[PDB]
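**Q** Below is the structure I would like to discuss, written out as structure tokens.
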Amino acid sequence: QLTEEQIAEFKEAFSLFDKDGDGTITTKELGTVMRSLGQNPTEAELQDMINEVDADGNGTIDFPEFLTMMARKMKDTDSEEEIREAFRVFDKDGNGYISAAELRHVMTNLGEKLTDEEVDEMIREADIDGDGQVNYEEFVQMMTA
Amino acid sequence: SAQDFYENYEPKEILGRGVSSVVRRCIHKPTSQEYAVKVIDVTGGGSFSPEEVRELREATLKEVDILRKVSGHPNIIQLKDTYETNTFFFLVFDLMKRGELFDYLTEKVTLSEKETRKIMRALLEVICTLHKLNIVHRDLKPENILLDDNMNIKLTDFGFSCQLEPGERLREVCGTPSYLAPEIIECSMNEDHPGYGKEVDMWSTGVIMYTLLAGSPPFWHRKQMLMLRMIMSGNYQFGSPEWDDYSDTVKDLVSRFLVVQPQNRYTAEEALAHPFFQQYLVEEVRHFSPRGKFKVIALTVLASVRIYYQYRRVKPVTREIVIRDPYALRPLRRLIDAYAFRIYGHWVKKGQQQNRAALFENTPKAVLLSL
Amino acid sequence: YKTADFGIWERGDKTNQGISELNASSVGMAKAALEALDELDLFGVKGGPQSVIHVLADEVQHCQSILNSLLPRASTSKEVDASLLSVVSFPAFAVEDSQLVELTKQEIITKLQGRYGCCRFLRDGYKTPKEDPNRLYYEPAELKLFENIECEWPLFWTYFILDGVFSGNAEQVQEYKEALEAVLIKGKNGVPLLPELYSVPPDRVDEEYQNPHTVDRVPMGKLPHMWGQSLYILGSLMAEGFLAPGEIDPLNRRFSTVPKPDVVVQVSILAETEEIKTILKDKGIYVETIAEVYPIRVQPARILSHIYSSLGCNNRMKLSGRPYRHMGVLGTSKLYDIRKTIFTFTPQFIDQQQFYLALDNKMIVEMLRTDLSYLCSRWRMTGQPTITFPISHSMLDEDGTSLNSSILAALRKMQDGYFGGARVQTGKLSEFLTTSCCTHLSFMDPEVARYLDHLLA
Amino acid sequence: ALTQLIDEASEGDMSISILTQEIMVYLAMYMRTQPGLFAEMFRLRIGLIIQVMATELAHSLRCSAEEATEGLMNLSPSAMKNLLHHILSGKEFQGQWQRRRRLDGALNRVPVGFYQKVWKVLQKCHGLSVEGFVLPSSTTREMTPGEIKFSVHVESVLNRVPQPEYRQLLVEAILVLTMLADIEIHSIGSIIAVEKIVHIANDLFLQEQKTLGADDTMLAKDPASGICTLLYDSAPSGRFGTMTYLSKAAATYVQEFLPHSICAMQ
Ligand SMILES: C/C=C(\C)CC/C=C(\C)CCC=C(C)C
């Protein structure tokens with residue numbers, strides 16, 4: 001039921017996770033990402049974290065494995081918390097509105113260089129209510145979509 | 001002749017046993033390469049009447065045929081050559097140092113998601129080759145599945161297989177009871193149903209999924225016919241606490257093979273197209289609309305946040321949770337299953353009265369003794 | 001193989017309490033000695049059949065069944081003994097599976113060798129300073145006192161040197177030569193002396209308890225150890241090109257580890273009466289009757305056991321010959337030349353007077369199936385084994401006119417050339433006269449002789 | 001001497017004397033050809049082998065023990081050999097697991113390395129008591145884990161329960177301490193009664209079925225052991241398995257002896 005699209009979205013997310021084109025995401029790589037997004041967990045934490053997802057995998061997450069997590073295993077509460085968390089991860093300001101520049105802040109963090117207008121467009125494409133901001137309601141509506 | 005057998009191979013040790021067929025390891029003298037030989041006693045110690053003696057040969061003569069129709073394929077054994085005598089029928093094939101999947105499933109009670117994926121990835125890709133050549137197996141049990149030192153699946157015992165004429169559907173009941181598709185029994189209990197086709201293998205493969213990931217058959221109970229009504233009706237449950245820890249992508253693909261109606265079953269070609277068996281090919285452009293990019297970056301965040309959240313959730317093992325409910329949480333439940341199969345792993349064998357589900361009690365005694 | 005003994009260390013089990021145990025050293029040593037003495041002329045080339053020692057391969061290969069089961073252990077009480085080096089490599093060569101030899105040798109390596117030799121066996125305490133030299137026996141609690149501080153004997157390092165010369169591992173003959181040269185105690189006019197053992201100083205026992213095989217040991221015991229000193233010189237002689245493995249092993253025991261191909265077991269199905277020959281003929285079985293085989297005459301396995309009771313008889317020395325022991329296929333599958341009459345003996349599992357295991361025809365096939373399997377993988381004689389299988393009235397059906405299906409399947413199974421994992425060349429007993437182990441029983445050449453005298457006549 | 005020992009151990013009954021040596025051939029027959037059936041039995045107890053072979057031929061073609069005793073004399077050597085292989089190999093022709101626990105604790109069949117696992121547990125304890133017969137930790141230093149003399153000591157304590165089915169309950173009870181011992185960092189430092197862990201596990205097996213709807217009829221007590229007959233018939237694993245209740249009662253006993261516990265490595 002995950003569409004060709006959805007599977008593809010999970011795949012590009014897996015790409016954003018691994019800088020090396022390893023075909024795997026290492027404990028170190030995840031880390032580079034979490035710190036990229038500002039959550040700096042213990043190298044040990046990471047080991048456990050990659051372990052919870054894989055259990056064999058020697059500290060590397062794989063994509064077939066990755067999708068397994070990104071498929072909505074999440075409970076409404078569980079996802080809700082998460083959906084919320086990302087949203088915060090999105091707003092360093094924590095103002096509660098998604099800056100076009102804030103989107104850039106995240107990408108810049110994930111090392112993807114994308115056009116400035118395109119970014120505005122990214123929000124604009126998805127933006128009706130928040131002209132220039134994606135409201136959280138927009139975010140949740142969007143994720144399910 | 002037997003001289004032709006010993007001019008090329010020399011049997012060293014006994015590898016396995018069967019009802020009338022014995023698997024024996026051999027050395028190929030010209031090549032010094034390890035090979036397995038299955039040694040079927042045609043006369044069967046005198047118990048076989050001339051009909052069964054003839055029928056076993058015709059079954060064996062047919063058996064060479066299918067194994068001669070499929071060759072060079074990575075995940076089915078290669079019948080290197082076959083020798084027939086008046087009292088035996090020798091078949092030499094590849095040596096699999098490790099035993100059947102049943103023996104492996106006994107060692108590891110619950111087989112992990114990563115391991116089963118390539119296991120069946122081969123099996124489904126095995127199933128594609130059989131269906132493309134139009135040959136059904138009707139016998140896809142894990143004891144029919146052999147594994148090598150790299151864990152690669154070698155589907156074995158196409159003893160019950162038969163090539164359907166284009167658009168023909170069989171009626172004979174061939175197969176041990178648990179792994180029989182619903183219309184197998186229905187054709188056994190009715191004449192109107194004109195038969196079953198190549199979709200039979202899909203149900204049997206989907207059964208391995210429930211057995212490998214949970215250590216029990218989807219439908220099992222100690223009397224014979226009761227299992228059958230669970231099959232044709234199709235009452236299966238991803239029961240708790242066992243089946244809740246696995247990812248949701250597992251469940252849907254299990255139901256697809258387990259649908260009772262054959263035409264709606266999930267054929268092998270599209271079976272490999274379900275999200276589980278999708279593979280990460282590094283060199284993909286993967287172009288996306290600006291909404292598509294925004295999801296990816298959001299999903300990339302949503303993933304990282306998720307992984308931290310899921311882990312934070314795992315409850316360390318404490319004294320109390322052991323007292324209240326051991327099975328409920330994964331690490332202790334997998335342990336109880338593991339030391340369940342170390343004590344009574346000899347009590348699991350092939351058949352109905354020796355299946356793995358006999359080692360699991362997932363229902364209250366009262367409901368078990370309700371009728 | 002069936003006798004418990006104190007063994008190479010004269011103390012029996014690990015406990016040292018007068019309990020004899022089945023040590024692999026004794027079982028292995030007897031197997032090599034039996035093979036060494038097998039058809040050996042004690043007078044040399046200028047000898048005759050009177051001077052030949054006759055050895056039965058039943059007892060030789062029974063020792064193998066114990067060696068394969070015991071190894072890499074030395075006994076049920078010892079996980080390993082360094083004396084197994086005297087069985088796996090030299091001078092016994094009693095193990096035929098090279099994997100067993102390497103596995104047992106490496107087990108000795110991990111569990112016994114240190115930097116002063118090899119311990120005889122775990123928890124030895126023969127001269128450990130934690131045992132009283134007055135008590136001949138050891139109490140059960142004292143065994144744990146000997147852990148990791150056991151005396152170490154360079155004797156077993158001479159065995160590894162000897163193994164390397166025989167195996168042909170120049171590296172092995174070097175690592176154990178420099179290791180032995182650093183433990184050899186110089187004495188008299190500079191000659192090297194092999195210490196019997198290296199013992200832990202009493203003060204340093206606690207240190208080796210914690211950190212194993214590192215404390216400096218003092219040479220104790222016999223100086224020189226005349227046993228170990230000889231193999232040191234023997235190893236030195238064969239390592240510097242003064243002697244070859246074949247000259248010290250003229251009986252070629254060193255080739256015991258080379259693979260042996262399985263033998264083709266010849267089987268001559270026989271009929272006790274003419275009327276049984278017709279039932280077999282009606283089923284298409286080509287057999288000779290018991291009388292048609294004459295001059296070759298068949299006898300029960302017991303008769304062969306009685307015959308060997310006259311081998312080694314010396315009235316003045318009060319020797320009564322071989323005791324009555326059960327004869328397996330390896331003994332009864334030979335062709336026997338007693339007083340110029342060729343003798344074939346029925347295998348023992350068909351003997352019906354002893355027990356009731358021969359009265360179940362489904363058991364005859366099962367015993368026969370394993371007994372051919374025992375024959376093909378464990379035949380070490382000239383010629384091919386010949387099992388003479390007489391079909392008796394008991395092996396027929398209850399009706400009496402048909403052969404029992406289990407035996408019926410067994411007989412055709414042999415004609416096709418494979419039964420029980422063995423290659424069976426079915427034929428007549430006359431055809432197998434020239435392709436069998438024709439052992440001349442010279443002690444019968446001028447009780448059982450009186451019976452055989454009438455039997456010949 | 002070996003034959004004399006069998007005849008004297010035949011206590012005068014001639015039928016058992018032959019069956020003792022007859023089975024001995026078959027045990028050696030299967031040992032030489034299939035060594036894997038004795039990997040879980042370190043002591044070959046022929047004498048009870050006739051008894052355990054009697055019960056399965058008693059339950060099959062349901063009849064009295066005396067009729068089975070007359071029946072056991074009656075089978076062919078091949079049938080007798082097959083039926084013994086039927087016993088040893090684990091192939092099945094009161095209850096299902098009650099017949100798989102009266103055939104698992106009467107042969108003293110224990111998993112591979114269980115005698116090598118008791119050694120690890122006893123080093124974390126002061127002993128292991130069964131029916132008030134202690135197997136102290138002093139044995140751990142006295143014999144090695146792989147010493148067969150140690151296997152006798154663990155075995156000798158485990159036959160202090162006469163009934164076979166309860167012994168296997170003790171056997172897997174021992175292992176649920178082994179698996180809980182690995183998780184627990186601290187040591188109990190005192191005696192553990194392996195028998196009791198089954199008893200409250202019997203008691204705790206009682207409560208859950210009462211709550212879920214079990215009648216007093218189905219949960220009927222075993223007259224001698226004190227265990228419910230359903231607990232004997234219960235499967236090993238599962239939500240309501242025997243070793244889930246024994247993984248449950250192997251913690252309340254450590255509650256009283258160990259006031260504070262730390263469980264790690266999951
Ligand atoms: C993590 C375990 C939690 C409840 C069970 C309690 C564990 C024990 C009470 C002691 C048994 C074994 C010890 C080996 C050292």
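Identifiers in this document derive from the order of the structure tokens: chains are assigned A, B, ..., residues are numbered from 1 separately in each chain, and ligands are numbered from 1 in order of occurrence.
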If we count only C-alpha atoms and set the cut-off at 8 Å, which residues sit around segment 245-253 of chain D, ignoring sequence neighbours fewer than 5 positions away in its own chain? Please answer as a list in words.

**A**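 Here the qualifying residues turn out to be residues 319, 322, 323, 324, 325, 326 and 336 of chain B; 173, 176, 177, 180, 192, 197, 198, 200, 201, 202, 204, 205 and 240 of chain D.
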
**Q** Could I get the residue neighbourhood of ligand 1 at 10 Å, counting only C-alpha atoms and all ligand atoms, as a ChimeraX atom specification?

**A** /B:317-323,326,332 /D:118,120-126,174-192,247-266

**Q** So that I can see what lies close to segment 218-234 of chain B, please list as a PyMOL selection string the residues with an atom at most 6 Å from it, counting only C-alpha atoms and leaving out residues fewer than 2 positions away in the same chain.

**A** chain B and resi 182+210+260

**Q** Would you write out, as a tab-separated table, a table of all residues in chain B that have an atom no more than 10 Å from an atom of chain D, listing for each the closest atom pair and the distance in Å to one decimal, considering only C-alpha atoms and ordering rows by chain and rising residue number?

**A**
residue	atom	partner	partner_atom	distance
B:14	CA	D:33	CA	8.9
B:222	CA	D:96	CA	9.2
B:240	CA	D:239	CA	8.4
B:241	CA	D:239	CA	7.3
B:242	CA	D:238	CA	8.3
B:315	CA	D:266	CA	9.3
B:316	CA	D:266	CA	6.5
B:317	CA	D:266	CA	5.4
B:318	CA	D:263	CA	5.7
B:319	CA	D:251	CA	6.9
B:320	CA	D:251	CA	8.4
B:321	CA	D:248	CA	9.3
B:322	CA	D:248	CA	6.1
B:323	CA	D:248	CA	5.1
B:324	CA	D:248	CA	7.4
B:325	CA	D:248	CA	7.5
B:326	CA	D:244	CA	6.5
B:327	CA	D:239	CA	5.7
B:328	CA	D:239	CA	7.7
B:330	CA	D:266	CA	9.2
B:331	CA	D:266	CA	5.9
B:332	CA	D:266	CA	7.4
B:333	CA	D:238	CA	8.1
B:334	CA	D:237	CA	9.5
B:335	CA	D:179	CA	7.5
B:336	CA	D:237	CA	6.2
B:337	CA	D:237	CA	5.5
B:338	CA	D:237	CA	8.9
B:339	CA	D:175	CA	7.5
B:340	CA	D:236	CA	5.7
B:341	CA	D:236	CA	8.6
B:342	CA	D:111	CA	5.8
B:343	CA	D:111	CA	4.9
B:344	CA	D:111	CA	7.9
B:345	CA	D:111	CA	8.8
B:346	CA	D:90	CA	5.6
B:347	CA	D:90	CA	5.3
B:348	CA	D:90	CA	8.0
B:349	CA	D:91	CA	7.2
B:350	CA	D:91	CA	9.2
B:353	CA	D:92	CA	7.2
B:354	CA	D:92	CA	7.4
B:357	CA	D:235	CA	8.7
B:358	CA	D:235	CA	6.4
B:359	CA	D:235	CA	4.9
B:360	CA	D:238	CA	4.5
B:361	CA	D:238	CA	4.6
B:362	CA	D:238	CA	4.9
B:363	CA	D:240	CA	6.7
B:364	CA	D:209	CA	6.5
B:365	CA	D:209	CA	6.8
B:366	CA	D:214	CA	4.9
B:367	CA	D:213	CA	8.1
B:369	CA	D:218	CA	8.2
B:370	CA	D:214	CA	9.6

**Q** Quick one: of A:29, A:9, A:120, A:78, who's nearest to chain B, counting only C-alpha atoms?

**A**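 Closest residue, counting only C-alpha atoms: A:9.
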
**Q** Hey, list the chain D side of the contact with chain C: 7 Å cut-off, only C-alpha atoms, answer as a list in words.

**A**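 Only these qualify: residues 76, 77, 78, 141, 142 and 147 of chain D.
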
**Q** Give me, as a Markdown table, the closest atom pair and its distance (Å, one decimal) for every residue of chain B within a cut-off of 7 Å of chain C, counting only C-alpha atoms, rows sorted by chain and rising number.

**A**
| residue | atom | partner | partner_atom | distance |
| --- | --- | --- | --- | --- |
| B:2 | CA | C:417 | CA | 5.9 |
| B:43 | CA | C:409 | CA | 6.5 |
| B:45 | CA | C:409 | CA | 5.3 |
| B:46 | CA | C:405 | CA | 4.8 |
| B:85 | CA | C:416 | CA | 6.7 |
| B:86 | CA | C:416 | CA | 6.8 |
| B:87 | CA | C:413 | CA | 5.9 |

**Q** Can you pull out every residue from segment 47-134 of chain D that DSSP, working from the backbone, puts in alpha helix (DSSP H), and format the result as a count of residues only?

**A** 51

**Q** Could you pull the residues within 7 Å of segment 52-64 of chain A, counting only C-alpha atoms, minus those fewer than 2 positions along the same chain, as a PyMOL selection string?

**A** (chain A and resi 11+14+23-27+47-50+66-68) or (chain B and resi 276-280+311)

**Q** Would you mind exporting N, CA, C and O atoms of the selected residues as a PDB file, in the first residue's frame?

**A**
ATOM      1  N   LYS A  11      13.141   6.212   0.253  1.00  0.00           N
ATOM      2  CA  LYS A  11      14.451   6.055  -0.300  1.00  0.00           C
ATOM      3  C   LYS A  11      15.263   7.299  -0.354  1.00  0.00           C
ATOM      4  O   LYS A  11      16.470   7.279  -0.073  1.00  0.00           O
ATOM      5  N   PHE A  14      16.490   7.898   3.041  1.00  0.00           N
ATOM      6  CA  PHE A  14      17.623   7.052   3.357  1.00  0.00           C
ATOM      7  C   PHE A  14      18.822   7.675   2.762  1.00  0.00           C
ATOM      8  O   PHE A  14      19.880   7.651   3.377  1.00  0.00           O
ATOM      9  N   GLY A  23      25.086   2.500   0.984  1.00  0.00           N
ATOM     10  CA  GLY A  23      24.051   1.528   0.857  1.00  0.00           C
ATOM     11  C   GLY A  23      23.711   1.114   2.252  1.00  0.00           C
ATOM     12  O   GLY A  23      22.895   0.226   2.436  1.00  0.00           O
ATOM     13  N   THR A  24      24.324   1.733   3.246  1.00  0.00           N
ATOM     14  CA  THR A  24      23.958   1.458   4.625  1.00  0.00           C
ATOM     15  C   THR A  24      24.119   2.719   5.446  1.00  0.00           C
ATOM     16  O   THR A  24      24.850   3.598   5.068  1.00  0.00           O
ATOM     17  N   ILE A  25      23.412   2.834   6.555  1.00  0.00           N
ATOM     18  CA  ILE A  25      23.568   3.996   7.408  1.00  0.00           C
ATOM     19  C   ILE A  25      24.249   3.569   8.688  1.00  0.00           C
ATOM     20  O   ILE A  25      23.658   2.829   9.459  1.00  0.00           O
ATOM     21  N   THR A  26      25.468   4.062   8.940  1.00  0.00           N
ATOM     22  CA  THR A  26      26.247   3.669  10.123  1.00  0.00           C
ATOM     23  C   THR A  26      25.916   4.400  11.400  1.00  0.00           C
ATOM     24  O   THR A  26      25.274   5.438  11.357  1.00  0.00           O
ATOM     25  N   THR A  27      26.376   3.885  12.539  1.00  0.00           N
ATOM     26  CA  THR A  27      26.043   4.498  13.809  1.00  0.00           C
ATOM     27  C   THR A  27      26.586   5.869  13.740  1.00  0.00           C
ATOM     28  O   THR A  27      25.945   6.813  14.173  1.00  0.00           O
ATOM     29  N   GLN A  47      24.447   3.545  19.196  1.00  0.00           N
ATOM     30  CA  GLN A  47      24.586   2.133  18.930  1.00  0.00           C
ATOM     31  C   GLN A  47      23.334   1.452  19.303  1.00  0.00           C
ATOM     32  O   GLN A  47      22.850   0.588  18.598  1.00  0.00           O
ATOM     33  N   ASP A  48      22.784   1.850  20.417  1.00  0.00           N
ATOM     34  CA  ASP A  48      21.563   1.247  20.839  1.00  0.00           C
ATOM     35  C   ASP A  48      20.492   1.600  19.867  1.00  0.00           C
ATOM     36  O   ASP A  48      19.672   0.772  19.523  1.00  0.00           O
ATOM     37  N   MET A  49      20.480   2.834  19.424  1.00  0.00           N
ATOM     38  CA  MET A  49      19.437   3.275  18.557  1.00  0.00           C
ATOM     39  C   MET A  49      19.432   2.482  17.258  1.00  0.00           C
ATOM     40  O   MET A  49      18.377   2.018  16.829  1.00  0.00           O
ATOM     41  N   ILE A  50      20.584   2.283  16.644  1.00  0.00           N
ATOM     42  CA  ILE A  50      20.647   1.523  15.416  1.00  0.00           C
ATOM     43  C   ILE A  50      20.315   0.083  15.726  1.00  0.00           C
ATOM     44  O   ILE A  50      19.732  -0.615  14.921  1.00  0.00           O
ATOM     45  N   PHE A  66      15.033   0.369   6.397  1.00  0.00           N
ATOM     46  CA  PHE A  66      14.583   1.713   6.681  1.00  0.00           C
ATOM     47  C   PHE A  66      13.104   1.843   6.489  1.00  0.00           C
ATOM     48  O   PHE A  66      12.402   2.444   7.300  1.00  0.00           O
ATOM     49  N   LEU A  67      12.598   1.260   5.424  1.00  0.00           N
ATOM     50  CA  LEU A  67      11.190   1.481   5.162  1.00  0.00           C
ATOM     51  C   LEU A  67      10.411   0.820   6.221  1.00  0.00           C
ATOM     52  O   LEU A  67       9.334   1.282   6.578  1.00  0.00           O
ATOM     53  N   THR A  68      10.937  -0.284   6.713  1.00  0.00           N
ATOM     54  CA  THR A  68      10.230  -1.012   7.694  1.00  0.00           C
ATOM     55  C   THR A  68       9.876  -0.028   8.799  1.00  0.00           C
ATOM     56  O   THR A  68       8.739  -0.035   9.264  1.00  0.00           O
TER      57      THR A  68
ATOM     58  N   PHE B 276       8.303  -4.849   1.107  1.00  0.00           N
ATOM     59  CA  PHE B 276       9.321  -5.556   1.882  1.00  0.00           C
ATOM     60  C   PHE B 276      10.557  -5.863   1.047  1.00  0.00           C
ATOM     61  O   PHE B 276      11.686  -5.584   1.470  1.00  0.00           O
ATOM     62  N   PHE B 277      10.372  -6.432  -0.141  1.00  0.00           N
ATOM     63  CA  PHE B 277      11.484  -6.888  -0.961  1.00  0.00           C
ATOM     64  C   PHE B 277      12.074  -5.793  -1.836  1.00  0.00           C
ATOM     65  O   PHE B 277      12.945  -6.081  -2.663  1.00  0.00           O
ATOM     66  N   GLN B 278      11.619  -4.551  -1.686  1.00  0.00           N
ATOM     67  CA  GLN B 278      12.285  -3.446  -2.354  1.00  0.00           C
ATOM     68  C   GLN B 278      13.713  -3.307  -1.845  1.00  0.00           C
ATOM     69  O   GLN B 278      13.983  -3.402  -0.644  1.00  0.00           O
ATOM     70  N   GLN B 279      14.633  -3.084  -2.778  1.00  0.00           N
ATOM     71  CA  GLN B 279      16.050  -3.000  -2.471  1.00  0.00           C
ATOM     72  C   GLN B 279      16.551  -1.599  -2.778  1.00  0.00           C
ATOM     73  O   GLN B 279      16.048  -0.926  -3.680  1.00  0.00           O
ATOM     74  N   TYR B 280      17.549  -1.166  -2.014  1.00  0.00           N
ATOM     75  CA  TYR B 280      18.153   0.145  -2.206  1.00  0.00           C
ATOM     76  C   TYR B 280      19.231   0.050  -3.277  1.00  0.00           C
ATOM     77  O   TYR B 280      20.358  -0.373  -2.995  1.00  0.00           O
ATOM     78  N   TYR B 311      13.409   4.169  20.473  1.00  0.00           N
ATOM     79  CA  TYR B 311      14.387   3.640  21.418  1.00  0.00           C
ATOM     80  C   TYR B 311      14.138   4.088  22.827  1.00  0.00           C
ATOM     81  O   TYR B 311      14.239   3.303  23.755  1.00  0.00           O
TER      82      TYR B 311
END

**Q** Between atom CA of residue 258 of chain B and atom CA of residue 204 of chain B, what is the distance, to one decimal in Å?

**A**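 Atom-to-atom, atom CA of residue 258 of chain B and atom CA of residue 204 of chain B are spaced 8.7 Å apart.
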
**Q** Counting only C-alpha atoms, collect the residues of chain B whose closest atom lies at most 9 Å from chain A, and write them out as an NGL selection string.

**A** :B and (112-114 or 247-250 or 252 or 274-282 or 286 or 288-312 or 314)

**Q** Can I get the selected residues back with C-alpha atoms, as a compact mmCIF listing (two decimals), in the first residue's frame?

**A**
# COMPACT_ATOMS: atom_id res chain seq x y z
CA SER B 112 14.50 -12.39 12.13
CA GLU B 113 13.03 -10.01 9.55
CA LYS B 114 16.25 -9.44 7.70
CA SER B 247 6.80 -3.97 11.40
CA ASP B 248 3.46 -3.39 9.69
CA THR B 249 4.93 -4.03 6.23
CA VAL B 250 5.20 -7.66 7.32
CA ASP B 252 -0.04 -7.02 4.80
CA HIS B 274 5.60 -5.53 -2.32
CA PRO B 275 7.47 -2.94 -0.21
CA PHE B 276 9.32 -5.56 1.88
CA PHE B 277 11.48 -6.89 -0.96
CA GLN B 278 12.28 -3.45 -2.35
CA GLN B 279 16.05 -3.00 -2.47
CA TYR B 280 18.15 0.15 -2.21
CA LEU B 281 19.86 0.61 -5.56
CA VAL B 282 22.39 3.39 -5.03
CA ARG B 286 14.66 9.80 -7.95
CA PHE B 288 10.55 14.71 -7.17
CA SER B 289 8.16 17.70 -7.26
CA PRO B 290 8.87 20.45 -4.71
CA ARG B 291 6.25 18.77 -2.53
CA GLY B 292 8.21 15.55 -3.05
CA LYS B 293 11.46 17.16 -1.91
CA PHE B 294 9.70 18.69 1.12
CA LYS B 295 8.41 15.29 2.11
CA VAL B 296 11.87 13.75 1.86
CA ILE B 297 13.52 16.35 4.10
CA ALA B 298 10.55 16.17 6.47
CA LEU B 299 10.61 12.37 6.33
CA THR B 300 14.38 12.40 6.86
CA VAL B 301 13.73 14.47 9.96
CA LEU B 302 10.69 12.40 10.84
CA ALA B 303 12.89 9.40 10.66
CA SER B 304 15.59 10.66 12.98
CA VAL B 305 13.16 11.88 15.38
CA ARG B 306 11.40 8.58 15.19
CA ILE B 307 14.38 6.47 15.91
CA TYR B 308 15.16 8.43 19.03
CA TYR B 309 11.61 8.14 20.13
CA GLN B 310 11.25 4.40 19.52
CA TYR B 311 14.39 3.64 21.42
CA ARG B 312 13.55 5.86 24.31
CA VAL B 314 12.02 0.37 25.00

**Q** Could you pull out the strand (DSSP E) residues of segment 2-179 of chain D, going by DSSP on the backbone, and write them as an NGL selection string?

**A** :D and (127-130 or 133-136)

**Q** Mind writing the picked residues with N, CA, C and O atoms as a compact mmCIF listing (two decimals), in the first residue's frame?

**A**
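Below is the file part-v2.txt, written as the result:
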# COMPACT_ATOMS: atom_id res chain seq x y z
N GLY D 127 23.97 -22.86 46.55
CA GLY D 127 23.59 -24.22 46.25
C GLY D 127 22.29 -24.26 45.47
O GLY D 127 21.68 -23.22 45.18
N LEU D 128 21.87 -25.48 45.14
CA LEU D 128 20.59 -25.71 44.48
C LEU D 128 19.92 -26.88 45.20
O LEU D 128 20.42 -28.00 45.16
N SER D 129 18.80 -26.60 45.86
CA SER D 129 18.12 -27.58 46.70
C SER D 129 16.89 -28.12 45.98
O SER D 129 16.08 -27.35 45.46
N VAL D 130 16.76 -29.44 45.97
CA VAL D 130 15.60 -30.12 45.41
C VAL D 130 15.04 -31.04 46.49
O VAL D 130 15.75 -31.95 46.96
N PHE D 133 17.29 -31.47 49.32
CA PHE D 133 18.62 -32.06 49.13
C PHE D 133 19.43 -31.05 48.32
O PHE D 133 19.08 -30.74 47.18
N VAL D 134 20.49 -30.53 48.93
CA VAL D 134 21.24 -29.41 48.41
C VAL D 134 22.35 -29.89 47.49
O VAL D 134 23.00 -30.92 47.73
N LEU D 135 22.58 -29.14 46.41
CA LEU D 135 23.76 -29.31 45.57
C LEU D 135 24.57 -28.02 45.69
O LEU D 135 24.30 -27.03 44.99
N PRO D 136 25.56 -27.99 46.58
CA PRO D 136 26.21 -26.73 46.94
C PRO D 136 27.16 -26.24 45.86
O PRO D 136 27.55 -26.96 44.94

**Q** Applying 9 Å and only C-alpha atoms, which residues near residue 74 of chain C remain after dropping the ones on its own chain fewer than 3 positions away? List them as a ChimeraX atom specification.

**A** /C:22-25,67,70-71,77-84
